[PDB]
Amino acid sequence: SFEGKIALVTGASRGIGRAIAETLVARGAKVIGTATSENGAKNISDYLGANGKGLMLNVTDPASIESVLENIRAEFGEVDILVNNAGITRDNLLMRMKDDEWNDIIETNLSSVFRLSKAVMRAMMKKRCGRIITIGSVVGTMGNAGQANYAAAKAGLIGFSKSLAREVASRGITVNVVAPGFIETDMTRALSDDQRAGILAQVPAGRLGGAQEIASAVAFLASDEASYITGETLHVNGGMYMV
């Protein structure tokens, strides 16, 4: 399914990013997963073993981006599949939201998509084949109190993706977004009973999503069987929102 393809998955330490990396490996890809520390990069190298490696990447630092891409090109080849998964939250109601909480979210969650996409596009255009998949959020579509920064970044990456899709579609490259709802992570596992119940009440499916479920959606769009899907957002949210 992905035999001979090279994938770059940003933020592949755990959860969604790790499930994406593992799924792509399971279906034949060579995967480079990234973390913000050399130790995180080591842990990624450890689970990937013979099927890829971990590298330290800061998606807000241009020099870090060039270093990582040159390493990949030296050891593996040109990136066929880019999965923009790295992302953070800095929640606050707007009157409490600090300028840094705004700027860091825009930089890490939106400007990252610009930087990484631009860095891989030339080789994909030459090859007349490629996949760019960004992990958005239901919050980008519905909005959410206390997450106006996160919502701005997650909505903004859809506008970005639609525009890039229009630029590259004629050369067999697709550019799409997967938008998760509530996914079980270490964060949600630490919530109280009342807090989890409050989350579940929002989801018609009546459960949290799994990291693997997001990985399944990404792997579908990354495949040869999604060649006619571009500029699309695939919502994976148990019916929490419906558009």
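The numbering used is simple: start at 1 and walk along the sequence shown.
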Quick check: 140 to 148 versus 90 to 98, which has the larger average CA B-factor in the record? 90 to 98
Comparing 207 to 215 with 190 to 198, where is the mean C-alpha B-factor higher? 190 to 198
Among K154, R171, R166, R131, single out the one with the highest C-alpha B factor in the record, please. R171
Highest-ranked of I183, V31, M56, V178 once sorted by CA temperature factor in the record: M56
Ranked against its chain, the third holding the CA B-factor of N71: highest
Entry-reported Cα temperature factor of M121, expressed as the chain third it lands in: highest
Is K162 in the lowest, middle or highest third of its chain when residues are ranked by C-alpha B-factor? lowest
Looking at the C-alpha B-factor of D224, is it in the lowest, middle or highest third of its chain? highest
